[PDB]
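Chemist:
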Amino acid sequence: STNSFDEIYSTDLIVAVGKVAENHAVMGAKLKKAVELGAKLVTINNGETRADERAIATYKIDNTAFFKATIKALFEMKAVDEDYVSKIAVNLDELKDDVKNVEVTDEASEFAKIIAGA
Amino acid sequence: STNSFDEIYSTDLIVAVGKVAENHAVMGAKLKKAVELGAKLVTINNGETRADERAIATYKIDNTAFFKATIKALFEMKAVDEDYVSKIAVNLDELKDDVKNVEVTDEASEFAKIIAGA
Amino acid sequence: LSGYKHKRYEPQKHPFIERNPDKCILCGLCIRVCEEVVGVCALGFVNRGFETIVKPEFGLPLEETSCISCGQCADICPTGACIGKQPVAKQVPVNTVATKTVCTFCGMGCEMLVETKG
Amino acid sequence: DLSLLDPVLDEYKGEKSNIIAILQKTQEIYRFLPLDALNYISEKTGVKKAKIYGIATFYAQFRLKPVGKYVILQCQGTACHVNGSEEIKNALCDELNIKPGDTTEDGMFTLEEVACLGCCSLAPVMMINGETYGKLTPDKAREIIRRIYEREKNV
Amino acid sequence: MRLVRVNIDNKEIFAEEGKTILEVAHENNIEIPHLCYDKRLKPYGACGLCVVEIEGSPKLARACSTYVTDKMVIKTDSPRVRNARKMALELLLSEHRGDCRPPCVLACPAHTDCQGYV
Amino acid sequence: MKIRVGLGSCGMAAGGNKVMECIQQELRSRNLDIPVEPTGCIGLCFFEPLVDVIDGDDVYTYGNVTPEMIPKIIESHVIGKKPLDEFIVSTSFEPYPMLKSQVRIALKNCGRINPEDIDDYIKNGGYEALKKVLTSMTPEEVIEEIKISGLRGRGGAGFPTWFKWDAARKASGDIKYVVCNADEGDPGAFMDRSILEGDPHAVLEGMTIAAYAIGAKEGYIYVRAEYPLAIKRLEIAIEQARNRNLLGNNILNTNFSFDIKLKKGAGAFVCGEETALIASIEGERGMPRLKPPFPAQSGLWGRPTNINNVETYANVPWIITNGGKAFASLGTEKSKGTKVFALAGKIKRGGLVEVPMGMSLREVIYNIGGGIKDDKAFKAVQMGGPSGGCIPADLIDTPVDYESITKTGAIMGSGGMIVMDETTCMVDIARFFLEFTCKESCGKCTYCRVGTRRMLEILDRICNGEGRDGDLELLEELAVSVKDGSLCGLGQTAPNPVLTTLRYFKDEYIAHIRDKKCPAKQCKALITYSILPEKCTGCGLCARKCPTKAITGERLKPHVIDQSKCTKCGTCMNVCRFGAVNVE
Ligand SMILES: Cc1cc2nc3c(=O)[nH]c(=O)nc-3n(C[C@H](O)[C@H](O)[C@H](O)COP(=O)(O)O)c2cc1C
Ligand code: SF4
Ligand code: SF4
Ligand code: SF4
Ligand code: SF4
Ligand code: SF4
Ligand code: SF4
Ligand code: SF4
Ligand code: FES
Ligand code: FES
Ligand SMILES: [Zn+2]
Ligand SMILES: [Zn+2]
């Protein structure tokens, strides 16, 4: 993990992927508390979760292509500072070529808008 | 002593009698802090003190009569609930007779007004 | 102040939590913790006034509701109207000694006090 | 049945603050509150089942059991009670052999005590399916019950 | 920060603004009864055991929901408060069915924990 | 020529609907074109159904009308062109004396307009206050006008309405709410229902003026669903007001925009509380919240909310039109204006009255109400209802005023006024009020949840003859503890009937406890029905009327009661015209 559990209470946006609350009920309580404190919750899952009650965006996906579309959408809105990313990351052109032919959906574009606005 | 040192920070009015700050410098600092916190300071002494700087009333007395007149003034302005004092205290009529013939001065009346208004 | 007293206790088959309405002081803590902290909201008030009781959803057994068996209701109860059964062969009210340790069943690393006797 | 609830739930969908209105419409549709209907309301409205049960059991207008054909709203306000309305309720209970709030085993009468019906000057007052009766008396109330029973039996 | 000054049971306390009387008294090791309070939940005011006498208020105030203000005088064990708590506890015991101790323990002259060791 | 029939809640409970149907049928069969309208309750609820025949500006109010008398009235007044004067009860030139000592402000239009026609309300100086406020009045000017008028409460503990409006206005928020208590609460009060059935437009206009003063854009009416007539008339009035640009977006072609949604209450005495009304509107169970935050600072869904009664909202247009000083020139130095009282109980003339503040209760009863039914004695007035108290005969001179009534241990309350004479037991009344309180308590705090029930148990023991000695002081201690420890006002005011009855009528409790006798002969377990052999005539009516067949005897021989199987239902007194049965 990159960050600690405390920073959850102070982050702007939370993206909960999978059965986060179902498999770990205390994390569901922590997400509830964080959303009450002022965070924004986005849940990505293949089925229903207890965290959907206070989520601003709920995505029921079954394939990774969703995220790929998101990436393409992130490039379309010019939300990726490619200078900084090229300085810090490699395989950026390969990523651009990989996601260039995917179809951006309404759900993926909305997710990209939520991500870029946080 | 009837009360504790902490209550000084929370009392409405402080009457410092004698060389309180001169003999006990830390008490002078405590009075300065209490007046800064919102209290009102009255210094009674026969000479100058370092507590006169932030005092609302400064009295330079040399005799106990100043207090007696004060008591008489407290009776004249009807600031003594004699019903309560008669139940809690004795020698009240003797006190009234003792202070009946004294002369109320402007300083004593001002002190009595300060006491009754706190 | 003695008179009519409810007798609404019914035996239940739940392996972990035992609820006795006859010992309930109607503080609401179980409902408030299932709603505000856990977020499952499996308990609620039923009836009104002297007839008020705390019941799971639709008066169903705790197993048949959305309860996730976390035990928070039994942990917050002040007066033994909701208890968590002891993992022993015969139930016995004993004075235990508590040691702090860490749950090892998922990565959230929740801490707990294990209360033992022997 | 769980089919007539669709328009009622659709006209109050999207807000979890209309639950009491949904319960009132459900009671209008089904003449009582069925547990399966409460399950459906909780599923579609998004409100927890515990809160649905709490609201349903908190308010006096909501009844969880079927109610007989005739409802006897026997007013028990201050004016009627001062004018001797307790004896009216006792007479009705003794005649129908049921306790207040219950329904006869025949499924015909359902005595329920209510607040002021507005017509204090006719105290005591009892209402049966819209019809009103005022200036009553235990004997008179028993006579009304007997006349209603005989009139219905003759049909 | 800015500190409020309170007097709880003749003890001068410098508390922090935004706390309730329950929290301030817990910090200063003053015991106020409470049965429906929890730090994770919003106040409820049900049990009425936390009532304290605040000078200047004719009605007893719930320590779990009342906030400490500057120059406050609080009594937590005055005869009025004790009578209120006793009446609330008697009312709670009115609707209570249980055995605090089993009849076997009560029939032993030495009050041996028969049930416990059995 | 017009015909009006009084269709209130009590109007259709006395046959008013059938009277209107018969009038319409007679007019149709006679081939006549005369308007027939419904109208609210004028206050003479003991004369319903009331038929007002209007010729130009003259109004003739026939009372106690019947379908058989309708053809005579129609053919002699509408066709005969002459008042009948035999069944006439009131007229514009000589009004009923019950309406001569009343100064009416909230009930100004009640019974004198058409509740289902906005044009009739407009014709009688209606909605002009809203026009004036929207044209040439600042919201601060409106608040100052209400402040000068001295309006306060009219159905509560009594608080300056201007203070609530200013507190709601000064609060920060994009959206503010303006709510109304159409709930009556007190079981025996019907002023709000009659006002909504006879003058819903006054409440609507008052709500709109309150919103303009506050800045609200949406308002709520909390009417109990048990009152279908009030709901129907309110819906009709709201639709008519909307269709005339008097409610909704761009009211009166200006930037103001206020709308009202009727929120039907499910039925609870606790729901009348502000923090419980808010919960009921929000969809949760009506459990009262704690005092911080206050409804004015944050009410419905965490936004500023101003909750007021129906009567205080009806008072607003009159204050705006006639000025604050005119409203403040009536009453006393503290309580100013008029108060609506629902007179009921053992009274000769009951119904809605509107009396100026400072009027003595003796003037309200013996001068307006006509005295006591059957000209019996007079024991007490229960002012306030379950939260109020019993003002006895010796305190009959207390003026109608919040402070004067409060000093007697009662409260002004919503305005219910139940007169109880010498045949009504005080212990039974306290027991009845406590039973109502226990059946309507929200059951959150143990003081109201258990204290009220235990007090009810003590009173039941006293009434049932099982009252152990040493229960008066324990009842008083329970009452004081419950009063000073409960959360909301239901429990803090529940002990009031017990506290008052134990102050002015303690000897009744002593007799119920010490002598085990009922001074008023009302509690069944403390009385006895006995037949004097001399007085009886052996007609057998009482014997045949017994549900338990207690009384047996021979013909023309004195009947003998069966005390073993006597349920003390009191049927003998009702059925024996010879005065043979004696209760003692
Ligand atoms: C238990 C209880 C029931 C109440 N019921 C009503 C009611 O039915 N109608 C009403 O106008 N006020 C009622 N109130 C008073 C309200 O608290 C509040 O005063 C009212 O909503 C508006 O006050 P107002 O007189 O200034 O308009 C009730 C109060 C309590 C404590
Ligand atoms: S165990 Fe947990 S989920 Fe189940 S009722 Fe108790 S608090 Fe709610
Ligand atoms: S926490 Fe215990 S005492 Fe409180 S309401 Fe729940 S079951 Fe009753
Ligand atoms: S660590 Fe995981 S399994 Fe253990 S209590 Fe916490 S959430 Fe449950
Ligand atoms: S220990 Fe507590 S819950 Fe158990 S019987 Fe005693 S008082 Fe009641
Ligand atoms: S006094 Fe307490 S129990 Fe009674 S209605 Fe108010 S909050 Fe509920
Ligand atoms: S009181 Fe009723 S039961 Fe008793 S004798 Fe009279 S009629 Fe019969
Ligand atoms: S009604 Fe009166 S007179 Fe007739 S039998 Fe009964 S007691 Fe005798
Ligand atoms: S109290 Fe019963 S009709 Fe008014
Ligand atoms: S802890 Fe229960 S009222 Fe405060
Ligand atoms: Zn009427
Ligand atoms: Zn009696």
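Chains as they are written, first to last, in our numbering: chain A, 61 to 178; chain B, 61 to 178; chain C, 258 to 375; chain D, 1250 to 1404; chain E, 3 to 120; chain F, 4 to 587.
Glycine included, every Cβ here is placed at the ideal spot set by N, Cα and C.
Going by the C-beta, is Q525 (chain F) closer than 7 Å to any heavy atom of ligand 12?
Modeler: Taking the first residue of the sixth sequence as position 1, residue 525 (chain F) is located at position 522. Under cutoff, so the answer is yes.
Chemist: Taking 7 Å as the cut-off, is the beta-carbon of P291 (chain F) closer than that to any non-hydrogen atom of ligand 6?
Modeler: Residue numbering aside, residue 291 (chain F) sits at position 288 when the sixth sequence is read from its first letter. Yes, since a heavy atom of ligand 6 falls inside the 7 Å radius drawn around the Cβ of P291 (chain F).
Chemist: Check each candidate in F:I234, F:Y215, F:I77 and name the one with the smallest Cα separation from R196 (chain F).
Modeler: Residue 196 (chain F) sits at position 193 when you count from the first residue of the sixth sequence. Closest option to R196 (chain F), Cα to Cα, is F:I234.
Chemist: Alpha carbon to alpha carbon, how far is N467 (chain F) from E460 (chain F)? Give it in angstroms, no decimals.
Modeler: As a first step, residue 460 (chain F) is located in the sixth sequence; it is residue number 457 there, counting from the start. As a first step, residue 467 (chain F) is located in the sixth sequence; it is residue number 464 there, counting from the start. About 10 Å.
Chemist: Residues of chain B with CB closer than 7 Å to the CB of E14 (chain E), please, in chain order.
Modeler: Locating residue 14 (chain E) in the fifth sequence gives position 12, where the first residue counts as 1. By Cβ distance, chain B contributes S64, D66, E67, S70.
Chemist: Could you tell me which residues DSSP pairs with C183 (chain F) in its beta bridges?
Modeler: As a working note, residue 183 (chain F) is residue 180 in the sixth sequence. Looking at the DSSP assignment, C183 (chain F) forms a beta bridge with F:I224, F:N311.
Chemist: Give the C-beta separation of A111 (chain B) and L97 (chain B) to the nearest angstrom, bearing in mind that I take them to be a contact with Cβ-Cβ under 8 Å.
Modeler: Locating residue 111 (chain B) in the second sequence gives position 51, where the first residue counts as 1. Locating residue 97 (chain B) in the second sequence gives position 37, where the first residue counts as 1. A111 (chain B) to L97 (chain B), Cβ: 15 Å. No contact.
Chemist: Any idea what DSSP makes of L293 (chain F), helix, strand or coil?
Modeler: Taking the first residue of the sixth sequence as position 1, residue 293 (chain F) is located at position 290. If DSSP states are grouped into helix, strand and coil, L293 (chain F) belongs with coil.
Chemist: Considering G492 (chain F), what are the terminal residues of the beta strand (DSSP E) in which it resides?
Modeler: Taking the first residue of the sixth sequence as 1, we reach residue 492 (chain F) at position 489. Here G492 (chain F) belongs to no beta strand (DSSP E); instead the alpha helix (DSSP H) covers 492-496.
Chemist: Using 10 angstroms around the beta-carbon of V349 (chain C), count the other beta-carbons present and answer buried if the total reaches 16, otherwise exposed.
Modeler: In the third sequence, residue 349 (chain C) corresponds to position 92, counting from 1. Flag for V349 (chain C) reads exposed.
Chemist: Under 7 Å Cβ to Cβ from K351 (chain F), same chain only, skipping five residues before and after it: list those, please.
Modeler: Residue mapping note: residue 351 (chain F) aligns to position 348 of the sixth sequence, counting from 1. If we look at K351 (chain F) and ignore the five residues flanking it on each side, its Cβ neighbours are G372, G373, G374, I375, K376.
Chemist: Express the C-alpha separation of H204 (chain F) and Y450 (chain F) in angstroms, rounding to a whole number.
Modeler: Position 447 of the sixth sequence, counted from the first residue, corresponds to residue 450 (chain F). Position 201 of the sixth sequence, counted from the first residue, corresponds to residue 204 (chain F). Between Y450 (chain F) and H204 (chain F), the C-alpha separation is close to 41 Å.
Chemist: Can you tell me whether DSSP reads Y144 (chain A) as helix, strand or coil?
Modeler: If you number the first sequence from 1, residue 144 (chain A) lands on position 84. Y144 (chain A): helix per DSSP, three-state reduction.
Chemist: Closer than 7 Å is what we want: which residues have a beta carbon that near any heavy atom of ligand 2? List them in chain order.
Modeler: The answer, residue by residue, is C:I274, C:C287, C:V290, C:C291, C:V295, C:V297, C:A299, C:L300, C:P313, C:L319, C:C324, C:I325, C:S326, C:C327, C:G328, C:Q329, C:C330, C:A331.
Chemist: Where does residue 124 (chain E) land, buried or exposed, given buried means 16+ other C-beta within 10 angstroms?
Modeler: The question about residue 124 (chain E) has no answer here: the residues shown for chain E are numbered 3 through 120.
Chemist: Would you say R4 (chain E) faces chain B, with C-beta separation under 8 Å as the test?
Modeler: For the purposes of this step, residue 4 (chain E) is taken as residue 2 along the fifth sequence, with counting starting at 1. Not one chain B Cβ lies under 8 Å of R4 (chain E).
Chemist: When the Cα atoms are used, what is the spatial distance from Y99 (chain F) to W168 (chain F)?
Modeler: Counted from its first residue, the sixth sequence places residue 99 (chain F) at position 96. Counted from its first residue, the sixth sequence places residue 168 (chain F) at position 165. Their Cα atoms are separated by approximately 38 Å.
Chemist: Can you pull the chain F neighbours of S96 (chain E), defined as C-beta to C-beta under 7 Å?
Modeler: One-based indexing of the fifth sequence puts residue 96 (chain E) at position 94. Within 7 Å Cβ-Cβ: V453, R457.
Chemist: If we count the other Cβ atoms within 10 Å of its Cβ and call it buried at 16 or more, is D141 (chain A) buried or exposed?
Modeler: On the first sequence, position 81 is the one that residue 141 (chain A) refers to. Looking at its Cβ environment, which holds fewer than 16 other Cβ atoms inside 10 Å, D141 (chain A) is exposed.
Chemist: Looking only at its own chain, which residues have a Cβ that is under 8 Å from the Cβ of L87 (chain F), when we skip the five neighbours before and after it?
Modeler: In the sixth sequence, the residue the question calls residue 87 (chain F) occupies position 84. Excluding positions up to five away in sequence, the list reads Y65, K75, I76, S79, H80.
Chemist: What does a CB cutoff of less than 7 Å around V1257 (chain D) pick up in its chain, not counting 5 residues either side in sequence?
Modeler: The sequence position of residue 1257 (chain D) within the fourth sequence is 8, counting from 1. Excluding positions up to five away in sequence, the list reads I1271, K1274, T1275, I1278.
Chemist: Suppose contacts are defined by Cβ-Cβ distances below 8 Å. Is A216 (chain F) in contact with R245 (chain F) by that definition?
Modeler: By 1-based counting over the sixth sequence, the position of residue 216 (chain F) is 213. By 1-based counting over the sixth sequence, the position of residue 245 (chain F) is 242. No; because the gap between Cβ atoms is not below 8 Å, this pair is not in contact.
Chemist: So which residues touch the region around ligand 10, with touch meaning a C-beta under 6 Å from any heavy atom?
Modeler: Residues flagged by the Cβ proximity filter: E:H36, E:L37, E:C38, E:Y39, E:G47, E:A48, E:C49, E:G50, E:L51, E:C52, E:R64, E:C66.
Chemist: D186 (chain F) and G289 (chain F) look like a contact to me (Cβ under 8 Å); what is the Cβ gap, rounded to whole Å?
Modeler: Numbered from 1 along the sixth sequence, position 183 holds the residue referred to as residue 186 (chain F). Numbered from 1 along the sixth sequence, position 286 holds the residue referred to as residue 289 (chain F). So it is not a contact: roughly 11 Å between Cβ atoms.
Chemist: Would you say the region 569-579 of chain F touches the region 537-554 of chain F, given that touching needs at least three Cβ pairs under 8 Å?
Modeler: In short, these stretches touch, since the Cβ pair count reaches three.
Chemist: Quick one: is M137 (chain A) buried, meaning 16 or more other Cβ sit within 10 Å of its Cβ, or exposed?
Modeler: For the purposes of this step, residue 137 (chain A) is taken as the residue at position 77 of the first sequence. Flag for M137 (chain A) reads exposed.
Chemist: Could you check whether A1305 (chain D) and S1334 (chain D) sit closer than 8 Å to each other, using their CB atoms as the reference points?
Modeler: By one-based count along the fourth sequence, residue 1334 (chain D) stands at place 85. By one-based count along the fourth sequence, residue 1305 (chain D) stands at place 56. No, the Cβ-Cβ distance between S1334 (chain D) and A1305 (chain D) is not below 8 Å.
Chemist: Within the 8 Å Cβ cut-off, does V295 (chain C) reach chain E?
Modeler: On the third sequence, residue 295 (chain C) is found 38 positions in, with the first residue counted as 1. For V295 (chain C), the answer is no, since every Cβ of chain E falls outside 8 Å of its Cβ.
Chemist: Could you tell me whether the Cβ of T449 (chain F) comes closer than 8 Å to any Cβ of chain E?
Modeler: Indexing the sixth sequence from 1 puts residue 449 (chain F) at position 446. Yes, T449 (chain F) lies at the interface with chain E (some Cβ there is under 8 Å from its Cβ).
Chemist: Suppose only complete runs of 4+ residues qualify. What are the alpha helix (DSSP H) ranges in the region 322-369 of chain C, listed by chain order?
Modeler: For the region 322-369 of chain C, whole alpha helix (DSSP H) runs of length 4 or above, ordered along the chain, are 329-333.
Chemist: Once DSSP output is grouped into helix, strand and coil, what is the label at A347 (chain F)?
Modeler: Residue mapping note: residue 347 (chain F) aligns to position 344 of the sixth sequence, counting from 1. Strand.
Chemist: Give me the chain F residues within the contact set of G58 (chain E), using Cβ-Cβ distance strictly less than 9 Å, ordered along the chain.
Modeler: Here the question's residue 58 (chain E) lines up with position 56 in the fifth sequence. Simply none; closest approach about 16 Å.
Chemist: Within its chain, find whatever has a CB closer than 8 Å to the CB of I68 (chain A); leave out the 5 residues flanking it on each side and keep chain order.
Modeler: What you label residue 68 (chain A) is simply residue 8 of the first sequence in a count that begins at 1. Closer than 8 Å at Cβ, skipping near neighbours: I74, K90, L91, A94, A99.
Chemist: List the residues that DSSP assigns as beta-bridge partners of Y69 (chain E).
Modeler: Position 67 of the fifth sequence, counted from the first residue, corresponds to residue 69 (chain E). In DSSP, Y69 (chain E) forms a bridge with E:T22.
Chemist: Within its chain, find whatever has a CB closer than 6 Å to the CB of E292 (chain C); leave out the 5 residues flanking it on each side and keep chain order.
Modeler: Taking the third sequence and counting its residues from 1, one reaches residue 292 (chain C) at position 35. Result list for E292 (chain C): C298, in chain order.
Chemist: Any C-beta of chain A within less than 8 Å: which residues of the region 341-374 of chain C qualify?
Modeler: So the close ones are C363, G364, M365, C367.
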